[PDB]
$ cat coords_36.cif   # mmCIF, N, CA and C atoms
data_my_file
#
loop_
_atom_site.label_atom_id
_atom_site.label_comp_id
_atom_site.auth_asym_id
_atom_site.auth_seq_id
_atom_site.Cartn_x
_atom_site.Cartn_y
_atom_site.Cartn_z
N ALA A 595 201.84 -11.88 40.42
CA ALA A 595 202.58 -11.25 41.51
C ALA A 595 201.97 -9.89 41.87
N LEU A 596 201.16 -9.36 40.96
CA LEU A 596 200.48 -8.07 41.13
C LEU A 596 201.46 -6.89 41.26
N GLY A 597 201.49 -6.04 40.23
CA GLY A 597 202.36 -4.88 40.23
C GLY A 597 201.64 -3.70 39.58
N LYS A 598 202.28 -2.53 39.55
CA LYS A 598 201.66 -1.34 38.96
C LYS A 598 201.18 -1.57 37.53
N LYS A 599 202.13 -1.88 36.64
CA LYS A 599 201.81 -2.12 35.23
C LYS A 599 201.12 -3.46 35.01
N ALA A 600 201.32 -4.39 35.93
CA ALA A 600 200.69 -5.71 35.83
C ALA A 600 199.17 -5.57 35.96
N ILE A 601 198.73 -4.87 37.00
CA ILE A 601 197.30 -4.65 37.25
C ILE A 601 196.76 -3.67 36.21
N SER A 602 197.69 -3.02 35.52
CA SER A 602 197.35 -2.06 34.49
C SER A 602 196.83 -2.86 33.30
N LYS A 603 197.65 -3.80 32.84
CA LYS A 603 197.28 -4.64 31.71
C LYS A 603 196.15 -5.57 32.11
N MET A 604 195.87 -5.62 33.41
CA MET A 604 194.79 -6.44 33.91
C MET A 604 193.56 -5.91 33.17
N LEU A 605 193.19 -4.68 33.50
CA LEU A 605 192.04 -4.02 32.90
C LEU A 605 192.16 -3.80 31.39
N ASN A 606 193.39 -3.76 30.86
CA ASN A 606 193.55 -3.55 29.42
C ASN A 606 193.04 -4.73 28.61
N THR A 607 193.36 -5.95 29.05
CA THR A 607 192.89 -7.12 28.32
C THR A 607 191.39 -7.19 28.56
N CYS A 608 191.00 -6.84 29.78
CA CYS A 608 189.60 -6.85 30.19
C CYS A 608 188.75 -6.01 29.26
N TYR A 609 189.32 -4.90 28.79
CA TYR A 609 188.62 -4.00 27.89
C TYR A 609 188.75 -4.41 26.42
N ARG A 610 189.97 -4.74 26.00
CA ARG A 610 190.23 -5.14 24.62
C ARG A 610 189.66 -6.49 24.23
N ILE A 611 189.00 -7.17 25.17
CA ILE A 611 188.41 -8.47 24.89
C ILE A 611 186.90 -8.46 25.13
N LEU A 612 186.48 -7.75 26.17
CA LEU A 612 185.06 -7.68 26.50
C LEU A 612 184.42 -6.35 26.11
N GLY A 613 184.76 -5.29 26.83
CA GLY A 613 184.17 -3.99 26.54
C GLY A 613 184.41 -2.92 27.59
N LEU A 614 183.70 -1.81 27.45
CA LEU A 614 183.82 -0.67 28.35
C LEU A 614 183.15 -0.84 29.71
N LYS A 615 181.82 -0.85 29.70
CA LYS A 615 181.00 -0.97 30.91
C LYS A 615 181.48 -1.94 32.00
N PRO A 616 181.81 -3.19 31.64
CA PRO A 616 182.27 -4.14 32.67
C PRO A 616 183.50 -3.60 33.39
N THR A 617 184.28 -2.79 32.68
CA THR A 617 185.49 -2.19 33.24
C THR A 617 185.12 -1.12 34.27
N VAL A 618 184.09 -0.35 33.97
CA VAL A 618 183.63 0.71 34.86
C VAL A 618 183.31 0.16 36.24
N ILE A 619 182.32 -0.72 36.30
CA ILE A 619 181.90 -1.34 37.56
C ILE A 619 183.09 -1.97 38.29
N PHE A 620 183.93 -2.64 37.50
CA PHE A 620 185.13 -3.30 37.99
C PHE A 620 185.96 -2.31 38.80
N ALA A 621 186.53 -1.33 38.10
CA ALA A 621 187.36 -0.31 38.73
C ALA A 621 186.84 0.19 40.07
N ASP A 622 185.61 0.70 40.10
CA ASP A 622 185.02 1.24 41.33
C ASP A 622 185.11 0.33 42.56
N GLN A 623 184.49 -0.85 42.46
CA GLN A 623 184.51 -1.78 43.58
C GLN A 623 185.90 -2.10 44.13
N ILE A 624 186.88 -2.29 43.23
CA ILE A 624 188.24 -2.61 43.67
C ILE A 624 188.83 -1.49 44.51
N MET A 625 188.50 -0.27 44.11
CA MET A 625 188.95 0.95 44.76
C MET A 625 188.61 0.89 46.24
N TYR A 626 187.35 0.61 46.54
CA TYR A 626 186.94 0.52 47.95
C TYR A 626 187.67 -0.57 48.75
N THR A 627 187.71 -1.79 48.21
CA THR A 627 188.39 -2.87 48.91
C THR A 627 189.89 -2.57 49.04
N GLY A 628 190.46 -1.99 47.98
CA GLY A 628 191.87 -1.66 47.97
C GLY A 628 192.27 -0.77 49.13
N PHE A 629 191.49 0.27 49.37
CA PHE A 629 191.76 1.21 50.45
C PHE A 629 191.70 0.53 51.81
N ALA A 630 190.79 -0.43 51.94
CA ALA A 630 190.66 -1.15 53.21
C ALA A 630 191.98 -1.79 53.61
N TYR A 631 192.53 -2.60 52.70
CA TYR A 631 193.79 -3.29 52.97
C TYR A 631 195.00 -2.38 53.08
N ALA A 632 194.93 -1.22 52.42
CA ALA A 632 196.03 -0.26 52.47
C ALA A 632 196.13 0.29 53.89
N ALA A 633 194.97 0.43 54.54
CA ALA A 633 194.91 0.93 55.91
C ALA A 633 195.60 -0.09 56.82
N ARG A 634 195.20 -1.35 56.66
CA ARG A 634 195.76 -2.45 57.45
C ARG A 634 197.28 -2.56 57.28
N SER A 635 197.81 -1.90 56.25
CA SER A 635 199.24 -1.93 55.97
C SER A 635 199.91 -0.56 56.12
N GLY A 636 199.78 0.04 57.30
CA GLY A 636 200.41 1.33 57.56
C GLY A 636 201.92 1.27 57.46
N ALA A 637 202.46 1.76 56.35
CA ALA A 637 203.90 1.76 56.11
C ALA A 637 204.60 2.81 56.96
N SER A 638 205.23 2.40 58.04
CA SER A 638 205.89 3.37 58.92
C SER A 638 207.30 3.78 58.54
N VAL A 639 207.70 4.96 59.01
CA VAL A 639 209.02 5.51 58.75
C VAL A 639 209.50 6.32 59.98
N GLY A 640 210.48 7.20 59.79
CA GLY A 640 211.03 7.96 60.91
C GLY A 640 212.15 7.09 61.43
N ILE A 641 213.03 7.63 62.28
CA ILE A 641 214.13 6.71 62.66
C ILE A 641 213.83 5.18 62.70
N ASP A 642 212.85 4.79 63.53
CA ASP A 642 212.43 3.40 63.78
C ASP A 642 212.28 2.28 62.71
N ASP A 643 211.96 2.59 61.45
CA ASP A 643 211.80 1.48 60.49
C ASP A 643 212.96 1.23 59.54
N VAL B 1094 197.55 12.69 69.12
CA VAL B 1094 198.33 13.40 68.12
C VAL B 1094 197.45 14.35 67.31
N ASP B 1095 197.99 15.53 66.99
CA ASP B 1095 197.25 16.53 66.23
C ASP B 1095 197.67 16.55 64.76
N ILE B 1096 198.94 16.24 64.50
CA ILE B 1096 199.46 16.23 63.14
C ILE B 1096 199.97 14.86 62.70
N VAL B 1097 199.73 14.57 61.42
CA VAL B 1097 200.14 13.31 60.83
C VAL B 1097 200.68 13.55 59.42
N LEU B 1098 201.92 13.12 59.20
CA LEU B 1098 202.58 13.28 57.91
C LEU B 1098 203.20 11.96 57.45
N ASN B 1099 204.05 12.03 56.44
CA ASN B 1099 204.71 10.83 55.92
C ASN B 1099 206.12 11.13 55.41
N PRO B 1100 207.12 10.46 55.99
CA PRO B 1100 208.53 10.64 55.60
C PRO B 1100 208.85 9.96 54.27
N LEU B 1101 207.82 9.77 53.45
CA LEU B 1101 207.99 9.13 52.15
C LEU B 1101 208.81 10.02 51.21
N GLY B 1102 208.93 11.30 51.56
CA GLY B 1102 209.68 12.23 50.74
C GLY B 1102 211.18 12.19 51.01
N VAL B 1103 211.56 11.51 52.09
CA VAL B 1103 212.96 11.38 52.49
C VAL B 1103 213.73 10.47 51.55
N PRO B 1104 213.22 9.23 51.35
CA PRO B 1104 213.85 8.24 50.47
C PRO B 1104 213.88 8.77 49.05
N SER B 1105 213.31 9.96 48.88
CA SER B 1105 213.23 10.62 47.58
C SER B 1105 213.98 11.93 47.43
N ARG B 1106 214.09 12.74 48.48
CA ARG B 1106 214.77 14.02 48.30
C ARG B 1106 215.83 14.58 49.30
N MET B 1107 216.12 13.88 50.40
CA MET B 1107 217.15 14.34 51.36
C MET B 1107 216.84 15.46 52.37
N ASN B 1108 215.59 15.38 52.81
CA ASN B 1108 215.01 16.26 53.81
C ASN B 1108 214.88 15.33 55.00
N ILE B 1109 216.03 14.85 55.48
CA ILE B 1109 216.07 13.90 56.59
C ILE B 1109 215.50 14.43 57.92
N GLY B 1110 214.98 15.64 57.90
CA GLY B 1110 214.42 16.23 59.11
C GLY B 1110 213.28 15.40 59.68
N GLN B 1111 212.48 14.82 58.79
CA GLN B 1111 211.34 14.02 59.19
C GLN B 1111 211.64 12.82 60.11
N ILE B 1112 212.83 12.25 59.96
CA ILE B 1112 213.29 11.09 60.74
C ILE B 1112 213.83 11.53 62.10
N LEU B 1113 214.75 12.50 61.94
CA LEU B 1113 215.60 13.18 62.94
C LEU B 1113 214.98 14.30 63.80
N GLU B 1114 214.78 15.48 63.21
CA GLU B 1114 214.20 16.60 63.96
C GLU B 1114 213.09 16.11 64.86
N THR B 1115 212.34 15.12 64.40
CA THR B 1115 211.23 14.57 65.20
C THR B 1115 211.84 13.80 66.36
N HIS B 1116 212.69 12.83 66.05
CA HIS B 1116 213.31 12.10 67.13
C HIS B 1116 213.72 13.04 68.30
N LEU B 1117 214.74 13.86 68.05
CA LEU B 1117 215.28 14.79 69.05
C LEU B 1117 214.24 15.71 69.68
N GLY B 1118 213.20 16.06 68.94
CA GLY B 1118 212.15 16.91 69.48
C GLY B 1118 211.57 16.32 70.75
N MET B 1119 211.14 15.07 70.65
CA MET B 1119 210.54 14.36 71.79
C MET B 1119 211.55 14.24 72.92
N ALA B 1120 212.83 14.11 72.57
CA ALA B 1120 213.87 14.01 73.59
C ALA B 1120 213.80 15.18 74.59
N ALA B 1121 213.86 16.39 74.04
CA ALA B 1121 213.83 17.64 74.80
C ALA B 1121 212.54 17.80 75.61
N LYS B 1122 211.45 17.18 75.15
CA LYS B 1122 210.20 17.28 75.91
C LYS B 1122 210.20 16.25 77.05
N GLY B 1123 210.97 15.18 76.87
CA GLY B 1123 211.06 14.15 77.89
C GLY B 1123 211.66 14.72 79.15
N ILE B 1124 212.73 15.49 78.97
CA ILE B 1124 213.39 16.13 80.11
C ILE B 1124 212.34 16.99 80.82
N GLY B 1125 211.43 17.57 80.04
CA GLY B 1125 210.38 18.40 80.60
C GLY B 1125 209.38 17.58 81.39
N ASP B 1126 209.20 16.32 81.00
CA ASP B 1126 208.26 15.45 81.69
C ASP B 1126 208.75 15.09 83.09
N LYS B 1127 210.06 15.16 83.30
CA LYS B 1127 210.63 14.88 84.62
C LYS B 1127 210.61 16.14 85.47
N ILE B 1128 210.58 17.30 84.81
CA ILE B 1128 210.52 18.58 85.51
C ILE B 1128 209.09 18.60 86.04
N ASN B 1129 208.20 18.10 85.19
CA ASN B 1129 206.78 17.98 85.48
C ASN B 1129 206.68 17.13 86.75
N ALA B 1130 207.37 16.00 86.72
CA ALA B 1130 207.37 15.08 87.85
C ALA B 1130 207.93 15.74 89.10
N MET B 1131 209.13 16.29 88.98
CA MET B 1131 209.80 16.95 90.11
C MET B 1131 209.16 18.25 90.62
N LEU B 1132 207.89 18.47 90.30
CA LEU B 1132 207.18 19.65 90.78
C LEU B 1132 205.78 19.24 91.22
N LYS B 1133 205.20 18.31 90.47
CA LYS B 1133 203.86 17.80 90.74
C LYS B 1133 203.84 16.96 92.01
N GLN B 1134 205.02 16.52 92.43
CA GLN B 1134 205.12 15.71 93.63
C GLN B 1134 205.44 16.54 94.87
N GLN B 1135 205.40 17.86 94.73
CA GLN B 1135 205.70 18.76 95.84
C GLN B 1135 207.10 18.49 96.37
N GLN B 1136 208.09 18.67 95.50
CA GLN B 1136 209.49 18.44 95.86
C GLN B 1136 210.19 19.73 96.27
N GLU B 1137 211.12 19.62 97.22
CA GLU B 1137 211.87 20.77 97.70
C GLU B 1137 212.79 21.32 96.61
N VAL B 1138 213.20 22.57 96.78
CA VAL B 1138 214.07 23.26 95.82
C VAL B 1138 215.44 22.62 95.61
N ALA B 1139 215.88 21.82 96.57
CA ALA B 1139 217.19 21.17 96.48
C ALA B 1139 217.20 19.98 95.52
N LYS B 1140 216.12 19.21 95.51
CA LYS B 1140 216.02 18.05 94.64
C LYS B 1140 216.19 18.47 93.19
N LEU B 1141 215.30 19.36 92.74
CA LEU B 1141 215.34 19.85 91.37
C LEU B 1141 216.48 20.82 91.11
N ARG B 1142 217.19 21.22 92.16
CA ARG B 1142 218.33 22.12 91.99
C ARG B 1142 219.46 21.29 91.39
N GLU B 1143 219.61 20.07 91.89
CA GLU B 1143 220.64 19.17 91.39
C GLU B 1143 220.18 18.69 90.02
#
$ encode --input "coords_36.cif" --output "structure tokens"
Amino acid sequence: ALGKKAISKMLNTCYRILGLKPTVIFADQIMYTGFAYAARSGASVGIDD
Amino acid sequence: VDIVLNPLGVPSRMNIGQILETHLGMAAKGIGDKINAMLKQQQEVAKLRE
């Protein structure tokens, strides 16, 4: 379902089973793609929403 | 637009100004947009007097 702590343990098993380095590269790339979709999802407020 | 903020602090702290003060702000400028209209069209003093 993907959640804050869910994606948290994502990388935790990733590290506790494989290692450090793969986690490094992992984190970075997701960051960029993540921001892309966050833009497409402009959460509006103010009276209207 | 020159400024961009986020009313994300409202659902968190009760500074409802972000929803409201903004709403009404534009209201008061709208009336000004018709004053703009009622002058840019070269209207007599009686039209805008009413």
$ residues_around --input "coords_36.cif" --residues "range 615-624 of chain A" --least-positions-apart "6" --cutoff "10 Å" --atoms "only C-alpha atoms" --output "PyMOL selection string"
chain A and resi 605-606+608-609+630
$ resolve_selection --input "coords_36.cif" --expression "the PyMOL selection byres ((chain A) within 6.5 of (chain B))" --output "list in words"
residues 639, 640 and 641 of chain A
$ select_by_dssp --input "coords_36.cif" --residues "chain B" --states "helix (DSSP H, G or I)" --output "PyMOL selection string"
chain B and resi 1100-1106+1109-1111+1113-1133
$ atom_distance --input "coords_36.cif" --atom1 "atom C of residue 1128 in chain B" --atom2 "CA of residue 1141 in chain B"
8.3 Å
$ atom_distance --input "coords_36.cif" --atom1 "atom N of residue 627 in chain A" --atom2 "atom N of residue 1095 in chain B"
27.5 Å
$ atom_distance --input "coords_36.cif" --atom1 "CA of residue 1127 in chain B" --atom2 "atom N of residue 1096 in chain B"
23.3 Å
$ build_atoms --input "coords_36.cif" --residues "range 1094-1118 of chain B" --atoms "N, CA, C and O atoms" --output "mmCIF file, in the coordinates of the input"
data_model
loop_
_atom_site.group_PDB
_atom_site.id
_atom_site.type_symbol
_atom_site.label_atom_id
_atom_site.label_comp_id
_atom_site.auth_asym_id
_atom_site.auth_seq_id
_atom_site.Cartn_x
_atom_site.Cartn_y
_atom_site.Cartn_z
ATOM 1 N N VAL B 1094 197.550 12.690 69.120
ATOM 2 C CA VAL B 1094 198.330 13.400 68.120
ATOM 3 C C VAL B 1094 197.450 14.350 67.310
ATOM 4 O O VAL B 1094 196.302 14.029 66.976
ATOM 5 N N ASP B 1095 197.990 15.530 66.990
ATOM 6 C CA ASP B 1095 197.250 16.530 66.230
ATOM 7 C C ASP B 1095 197.670 16.550 64.760
ATOM 8 O O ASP B 1095 196.859 16.856 63.886
ATOM 9 N N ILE B 1096 198.940 16.240 64.500
ATOM 10 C CA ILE B 1096 199.460 16.230 63.140
ATOM 11 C C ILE B 1096 199.970 14.860 62.700
ATOM 12 O O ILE B 1096 200.549 14.103 63.477
ATOM 13 N N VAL B 1097 199.730 14.570 61.420
ATOM 14 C CA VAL B 1097 200.140 13.310 60.830
ATOM 15 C C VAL B 1097 200.680 13.550 59.420
ATOM 16 O O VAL B 1097 199.981 14.103 58.561
ATOM 17 N N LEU B 1098 201.920 13.120 59.200
ATOM 18 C CA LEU B 1098 202.580 13.280 57.910
ATOM 19 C C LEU B 1098 203.200 11.960 57.450
ATOM 20 O O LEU B 1098 202.909 10.900 58.015
ATOM 21 N N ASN B 1099 204.050 12.030 56.440
ATOM 22 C CA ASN B 1099 204.710 10.830 55.920
ATOM 23 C C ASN B 1099 206.120 11.130 55.410
ATOM 24 O O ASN B 1099 206.310 11.971 54.531
ATOM 25 N N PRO B 1100 207.120 10.460 55.990
ATOM 26 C CA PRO B 1100 208.530 10.640 55.600
ATOM 27 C C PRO B 1100 208.850 9.960 54.270
ATOM 28 O O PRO B 1100 209.997 9.622 54.001
ATOM 29 N N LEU B 1101 207.820 9.770 53.450
ATOM 30 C CA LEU B 1101 207.990 9.130 52.150
ATOM 31 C C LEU B 1101 208.810 10.020 51.210
ATOM 32 O O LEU B 1101 209.329 9.549 50.193
ATOM 33 N N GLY B 1102 208.930 11.300 51.560
ATOM 34 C CA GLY B 1102 209.680 12.230 50.740
ATOM 35 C C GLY B 1102 211.180 12.190 51.010
ATOM 36 O O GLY B 1102 211.968 12.766 50.262
ATOM 37 N N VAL B 1103 211.560 11.510 52.090
ATOM 38 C CA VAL B 1103 212.960 11.380 52.490
ATOM 39 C C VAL B 1103 213.730 10.470 51.550
ATOM 40 O O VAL B 1103 214.772 10.866 50.998
ATOM 41 N N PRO B 1104 213.220 9.230 51.350
ATOM 42 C CA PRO B 1104 213.850 8.240 50.470
ATOM 43 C C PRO B 1104 213.880 8.770 49.050
ATOM 44 O O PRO B 1104 214.389 8.126 48.137
ATOM 45 N N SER B 1105 213.310 9.960 48.880
ATOM 46 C CA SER B 1105 213.230 10.620 47.580
ATOM 47 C C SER B 1105 213.980 11.930 47.430
ATOM 48 O O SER B 1105 214.486 12.206 46.347
ATOM 49 N N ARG B 1106 214.090 12.740 48.480
ATOM 50 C CA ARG B 1106 214.770 14.020 48.300
ATOM 51 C C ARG B 1106 215.830 14.580 49.300
ATOM 52 O O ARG B 1106 216.360 15.669 49.042
ATOM 53 N N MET B 1107 216.120 13.880 50.400
ATOM 54 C CA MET B 1107 217.150 14.340 51.360
ATOM 55 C C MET B 1107 216.840 15.460 52.370
ATOM 56 O O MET B 1107 217.676 16.325 52.741
ATOM 57 N N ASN B 1108 215.590 15.380 52.810
ATOM 58 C CA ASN B 1108 215.010 16.260 53.810
ATOM 59 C C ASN B 1108 214.880 15.330 55.000
ATOM 60 O O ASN B 1108 213.785 15.032 55.468
ATOM 61 N N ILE B 1109 216.030 14.850 55.480
ATOM 62 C CA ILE B 1109 216.070 13.900 56.590
ATOM 63 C C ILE B 1109 215.500 14.430 57.920
ATOM 64 O O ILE B 1109 215.534 13.736 58.945
ATOM 65 N N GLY B 1110 214.980 15.640 57.900
ATOM 66 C CA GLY B 1110 214.420 16.230 59.110
ATOM 67 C C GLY B 1110 213.280 15.400 59.680
ATOM 68 O O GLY B 1110 213.151 15.249 60.896
ATOM 69 N N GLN B 1111 212.480 14.820 58.790
ATOM 70 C CA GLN B 1111 211.340 14.020 59.190
ATOM 71 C C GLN B 1111 211.640 12.820 60.110
ATOM 72 O O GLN B 1111 210.821 12.448 60.935
ATOM 73 N N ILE B 1112 212.830 12.250 59.960
ATOM 74 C CA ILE B 1112 213.290 11.090 60.740
ATOM 75 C C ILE B 1112 213.830 11.530 62.100
ATOM 76 O O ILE B 1112 213.444 11.001 63.180
ATOM 77 N N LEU B 1113 214.750 12.500 61.940
ATOM 78 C CA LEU B 1113 215.600 13.180 62.940
ATOM 79 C C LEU B 1113 214.980 14.300 63.800
ATOM 80 O O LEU B 1113 214.692 14.091 64.978
ATOM 81 N N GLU B 1114 214.780 15.480 63.210
ATOM 82 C CA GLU B 1114 214.200 16.600 63.960
ATOM 83 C C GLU B 1114 213.090 16.110 64.860
ATOM 84 O O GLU B 1114 212.913 16.620 65.966
ATOM 85 N N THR B 1115 212.340 15.120 64.400
ATOM 86 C CA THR B 1115 211.230 14.570 65.200
ATOM 87 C C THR B 1115 211.840 13.800 66.360
ATOM 88 O O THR B 1115 211.537 14.051 67.512
ATOM 89 N N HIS B 1116 212.690 12.830 66.050
ATOM 90 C CA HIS B 1116 213.310 12.100 67.130
ATOM 91 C C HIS B 1116 213.720 13.040 68.300
ATOM 92 O O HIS B 1116 213.129 13.016 69.418
ATOM 93 N N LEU B 1117 214.740 13.860 68.050
ATOM 94 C CA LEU B 1117 215.280 14.790 69.050
ATOM 95 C C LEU B 1117 214.240 15.710 69.680
ATOM 96 O O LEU B 1117 214.410 16.121 70.834
ATOM 97 N N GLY B 1118 213.200 16.060 68.940
ATOM 98 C CA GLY B 1118 212.150 16.910 69.480
ATOM 99 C C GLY B 1118 211.570 16.320 70.750
ATOM 100 O O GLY B 1118 211.523 16.964 71.810
#
